[PDB]
Amino acid sequence: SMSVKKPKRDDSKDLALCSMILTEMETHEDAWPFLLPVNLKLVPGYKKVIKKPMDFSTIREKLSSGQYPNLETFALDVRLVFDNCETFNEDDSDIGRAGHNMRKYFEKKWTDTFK
């Protein structure tokens, strides 16, 4: 509250550390469905159904241009990528499996780096 603060957690390295994680996700072999924005002219249903499209290249551009105010807003956009994937893709498909694998990979790196 006013003039009552918990001790200052060091956040000076968060930007660098989120960038490293994002690099690791970009280079994973199962990243291919997520590297670029879904082409809304060429994929029927996507535009109407997925209210907030997100992909790794869009996260990279936001990160590089100071559009994440803190590490939680970064994790929210990564998780949105995988939540979108589950909304549009069956679990038993290559893309559906890719999303599960990438979410797992991310959540471990997130915990190991920050928690």
# chains A, B, ... in the order shown; residues from 1 in each chain; ligands from 1
call {"tool": "residues_around", "arguments": {"residues": "segment 35-46 of chain A", "least_positions_apart": "5", "cutoff": "8 Å", "atoms": "only C-alpha atoms", "output": "ChimeraX atom specification"}}
result
/A:26,53-58,88
call {"tool": "residues_around", "arguments": {"residues": "residue 75 of chain A", "least_positions_apart": "2", "cutoff": "12 Å", "atoms": "only C-alpha atoms", "output": "ChimeraX atom specification"}}
result
/A:14,18-19,21-22,54,56,59,63,68-73,77-82,103,106-107,109-111,114
call {"tool": "write_last_selection", "arguments": {"atoms": "C-alpha atoms", "output": "CSV table (one decimal), in the first residue's frame"}}
result
chain,number,residue,atom,x,y,z
A,14,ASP,CA,14.2,-10.1,-17.3
A,18,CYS,CA,12.8,-13.6,-21.9
A,19,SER,CA,14.7,-13.1,-25.2
A,21,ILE,CA,13.7,-18.3,-23.8
A,22,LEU,CA,12.0,-17.0,-27.0
A,54,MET,CA,-0.4,-14.5,-31.6
A,56,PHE,CA,6.5,-16.2,-32.1
A,59,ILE,CA,6.2,-11.8,-29.7
A,63,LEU,CA,9.8,-7.8,-27.0
A,68,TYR,CA,5.9,-5.9,-22.8
A,69,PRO,CA,5.7,-3.9,-19.5
A,70,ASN,CA,6.9,-6.9,-17.4
A,71,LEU,CA,7.7,-10.6,-17.7
A,72,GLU,CA,4.1,-11.7,-16.9
A,73,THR,CA,2.7,-9.9,-20.0
A,77,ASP,CA,1.3,-13.9,-25.1
A,78,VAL,CA,3.4,-17.1,-25.2
A,79,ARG,CA,0.5,-19.0,-23.5
A,80,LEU,CA,-2.0,-17.4,-26.0
A,81,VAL,CA,-0.1,-19.0,-28.8
A,82,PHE,CA,-0.8,-22.4,-27.3
A,103,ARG,CA,3.7,-25.4,-24.0
A,106,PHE,CA,8.0,-23.3,-22.3
A,107,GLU,CA,6.6,-23.9,-18.8
A,109,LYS,CA,12.1,-23.1,-19.0
A,110,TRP,CA,9.8,-20.4,-17.4
A,111,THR,CA,10.0,-22.2,-13.9
A,114,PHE,CA,12.3,-17.4,-12.7
call {"tool": "atom_distance", "arguments": {"atom1": "atom CA of residue 20 of chain A", "atom2": "atom CA of residue 101 of chain A"}}
result
18.4 Å
call {"tool": "atom_distance", "arguments": {"atom1": "atom CA of residue 84 of chain A", "atom2": "atom CA of residue 64 of chain A"}}
result
22.8 Å
call {"tool": "select_by_dssp", "arguments": {"residues": "chain A", "states": "helix (DSSP H, G or I)", "output": "MDAnalysis selection string"}}
result
chainID A and resid 14:26 46:49 56:64 71:88 94:114
call {"tool": "atom_distance", "arguments": {"atom1": "atom CA of residue 74 of chain A", "atom2": "atom CA of residue 2 of chain A"}}
result
27.4 Å
call {"tool": "closest_residue", "arguments": {"among": "A:97, A:67, A:34, A:76", "to": "residue 15 of chain A", "atoms": "only C-alpha atoms"}}
result
A:67
call {"tool": "closest_residue", "arguments": {"among": "A:87, A:93, A:27, A:113", "to": "residue 49 of chain A", "atoms": "only C-alpha atoms"}}
result
A:87
